[PDB]
2 protein chains.
Amino acid sequence: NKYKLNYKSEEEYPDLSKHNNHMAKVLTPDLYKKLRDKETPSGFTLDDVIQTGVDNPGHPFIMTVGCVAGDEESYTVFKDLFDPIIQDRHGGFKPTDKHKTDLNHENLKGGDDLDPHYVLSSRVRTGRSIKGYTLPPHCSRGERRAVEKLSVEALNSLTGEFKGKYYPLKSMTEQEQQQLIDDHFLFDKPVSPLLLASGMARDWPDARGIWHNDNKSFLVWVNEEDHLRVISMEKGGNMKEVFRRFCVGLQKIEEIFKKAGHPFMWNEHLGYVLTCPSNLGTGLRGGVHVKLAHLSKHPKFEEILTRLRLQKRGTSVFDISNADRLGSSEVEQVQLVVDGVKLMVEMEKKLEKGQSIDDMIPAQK
Amino acid sequence: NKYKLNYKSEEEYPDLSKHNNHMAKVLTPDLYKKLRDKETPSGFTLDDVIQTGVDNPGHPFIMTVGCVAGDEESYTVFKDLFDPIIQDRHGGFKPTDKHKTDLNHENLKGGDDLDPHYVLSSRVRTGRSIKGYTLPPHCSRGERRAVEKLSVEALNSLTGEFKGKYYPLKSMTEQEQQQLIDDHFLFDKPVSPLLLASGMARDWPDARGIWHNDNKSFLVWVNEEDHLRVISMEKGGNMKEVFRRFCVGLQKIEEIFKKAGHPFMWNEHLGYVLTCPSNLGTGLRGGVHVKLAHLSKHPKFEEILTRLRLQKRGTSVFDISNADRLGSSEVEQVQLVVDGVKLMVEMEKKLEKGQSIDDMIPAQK
């Protein structure tokens with residue numbers, strides 16, 4: 001990435017011509033001129049935020065964020081870039097709005113145990129950053145190793161439902177690796193160019209690794225896209241339990257990290273901070289794998305997804321999850337999943353009977 | 001890449017465990033400790049030289065250099081790393097040896113017009129760096145654009161045998177591009193991980209481009225692996241003429257660049273400097289495409305290649321070229337090509353007749 005202030009702003013300004021990303025829509029020659037000479041306490045500059053957006057012009061059909069933060073201070077130092085990108089990507093969320101965090105699983109009160117004939121598996125995942133180290137697109141091997149070191153020691157101390165074991169990618173045996181492959185716990189070097197272009201793939205697999213509890217119901221990936229990626233999963237429909245395991249496991253790693261002088265990066269405005277702006281706030285994606293045989297063929301599938309504020313992705317089973325991140329707490333996001341997936345299983349149980357279905361007005365369930 | 005001097009040398013030292021590259025053989029904890037705090041006038045550090053070697057452990061069968069220079073001063077500033085790597089890769093070439101350059105095509109005197117029934121095409125290529133800008137793994141868009149700017153204006157002024165036209169990759173029409181594809185003049189974004197890991201692919205295709213004369217006998221690629229890549233080619237066997245066009249065209253771009261305050265990077269010890277250490281000296285690769293029907297099946301093909309000091313690669317036609325770069329001048333390298341390919345066509349004309357063949361002792365032809 002890197003700039004050179006001996007050069008004129010216009011000589012260094014990126015050619016964002018046929019680019020279709022949140023970064024390219026916001027950058028103007030002035031914004032670059034104004035912020036091109038700044039940098040974070042760690043040496044992270046604007047050229048470094050926008051690099052992956054200069055390299056990846058993408059496709060007109062879909063918009064990527066096109067930029068990353070290498071620090072907790074990148075969001076502040078370069079707020080004039082990030083601010084409008086955050087308001088756009090996250091539905092008008094202003095520079096002056098606040099993000100409420102809610103990990104009291106007891107507040108899911110009104111959320112349940114979804115139909116096993118339709119919900120194959122239930123799952124909640126989030127991403128965390130650790131205060132004190134820079135984010136993956138910038139962190140040094142020393143920083144990476146410290147994050148891995150701190151995490152492994154926290155995880156190794158966990159006990160009971162949370163007792164588990166760590167699996168470094170570097171010295172992984174074929175047996176240890178095939179297991180993880182058919183356990184769905186494995187990750188490898190990023191092939192995505194949006195990921196590769198921000199420089200977060202350097203030194204692979206130094207300090208990267210995989211941790212999971214003995215029950216294989218709780219998983220943590222270390223040093224991949226963000227310092228930590230945590231997941232609570234289950235076969236079936238007990239979303240309450242998946243969220244509760246998730247919440248309790250998170251609070252146990254969080255206090256160990258607090259005590260060591262390294263809490264999860266978090267601020268009243270952005271909630272939990274992570275490397276990609278589209279993940280700010282909760283970093284959460286709670287979802288299910290549902291059999292929507294008829295509903296998915298229905299003309300109003302897309303619209304019903306939108307009004308329930310959920311979204312889907314491949315796997316006639318779909319991976320449906322909440323679509324919000326900033327502006328709403330985790331209890332409210334996993335609440336919308338329980339609600340709209342309950343509704344959709346009802347709708348599917350009607351079409352099975354040749355009956356017509358009824359949508360709800362927007363933003364509920 | 002990047003380091004952090006607040007960290008202990010051992011916390012930042014790379015895990016070069018099962019790596020098989022020239023860099024990994026030379027780095028020791030002390031060498032890193034000693035040089036990790038240095039940097040070139042441009043900000044280029046050791047983490048930046050060795051990065052592509054930390055990322056690419058490679059294959060035990062073949063050795064890669066595993067490091068790059070982002071400056072003319074990287075070779076000096078980090079001489080303790082580069083020095084032994086250069087002596088190893090280039091056959092004992094000491095820190096105190098000198099490189100003689102020889103672009104007097106008249107000195108090819110004793111070199112000719114190779115057999116057209118066996119030599120399909122003749123070709124000489126080299127790489128150049130332009131003094132004043134950093135090398136591709138580090139250069140900014142501003143620097144890249146300046147190199148492109150300076151080159152295009154030099155090339156555009158050339159006339160006669162050398163009149164030509166420039167083709168930017170950025171605004172290339174499909175017609176302009178298919179032509180170049182079936183003209184064998186086209187290049188695109190690097191897929192090699194050794195290339196991608198040193199950061200030289202940033203901003204693609206900003207400031208990259210393709211230039212060729214009207215005769216399609218002279219070609220220059222701008223801002224790809226090195227600032228410039230120049231090639232003189234021809235169908236057939238007139239190696240004298242391919243070298244002469246090559247030498248004359250090079251001297252014409254060289255004087256234009258001298259006059260502007262930007263000569264080709266060159267020093268009495270390393271000859272022409274380029275981003276990869278394996279290319280130092282001449283950066284030259286003169287070669288031919290030869291029909292070696294019987295000789296290539298011969299048990300002593302590999303050995304005869306070695307004693308002639310040539311090497312081959314795919315395309316029963318082979319692409320045979322000189323194997324040396326540092327320690328020998330260009331006239332001596334293209335001389336070894338004319339000589340050994342003349343010898344090999346003779347050998348092939350014997351096997352065609354059921355006769356036995358005779359090798360020469362090492363380092364000649």
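Each chain gets a letter, A, B and so on, in the order the sequences are listed, and its residues count up from 1.
Using a 4.5 Å cut-off between heavy atoms, A:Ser17 does not touch chain B at all. At a 4.5 Å heavy-atom cutoff, the contact between B:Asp203 and chain A is made by backbone and side-chain atoms alike. With a threshold of 4.5 angstrom between heavy atoms, A:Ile50 approaches chain B through side-chain atoms but not through N, CA, C or O. Both the backbone and the side chain of A:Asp15 come within contact range of chain B, with heavy atoms under 4.5 Å apart. Proximity to chain B (any heavy atom under 4.5 Å) is shown, for A:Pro205, by neither the backbone nor the side chain. Proximity to chain A is absent for every atom of B:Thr52, based on heavy atoms less than 4.5 angstrom apart. Neither the backbone nor the side chain of B:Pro57 comes within contact range of chain A, judged by heavy atoms closer than 4.5 Å. For B:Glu10, the part lying under 4.5 angstrom from a heavy atom of chain A is the backbone only.
Here CG of B:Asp47 is found 9.0 Å from CZ of A:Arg202. Values are rounded to the nearest 0.5 Å. A distance of 10.0 Å separates NE2 in B:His138 from CG in A:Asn1, rounded to the nearest 0.5 Å.
With respect to chain A, the highest number of heavy-atom pairs below 4.5 Å among B:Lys2, B:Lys8, B:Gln51 belongs to B:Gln51.
Between the side chain of B:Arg145 and the backbone N or O of A:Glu11 there is at least one donor-acceptor pair closer than 3.5 Å.
More than 12 heavy-atom neighbours from other residues, nucleotides or ligands sit within 6.0 angstrom of NZ on B:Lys25. Residue A:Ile62 qualifies as open at atom CD1: its count of foreign heavy atoms under 6.0 Å is 12 or below. No more than 12 heavy-atom neighbours from other residues, nucleotides or ligands sit within 6.0 angstrom of NZ on A:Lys149.
The shortest distance between side-chain heavy atoms of B:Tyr3 and A:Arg141 does not fall below 4.5 Å.
Closest of all the heavy-atom pairs between B:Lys4 and A:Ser140 is CB-OG, 4.3 Å.
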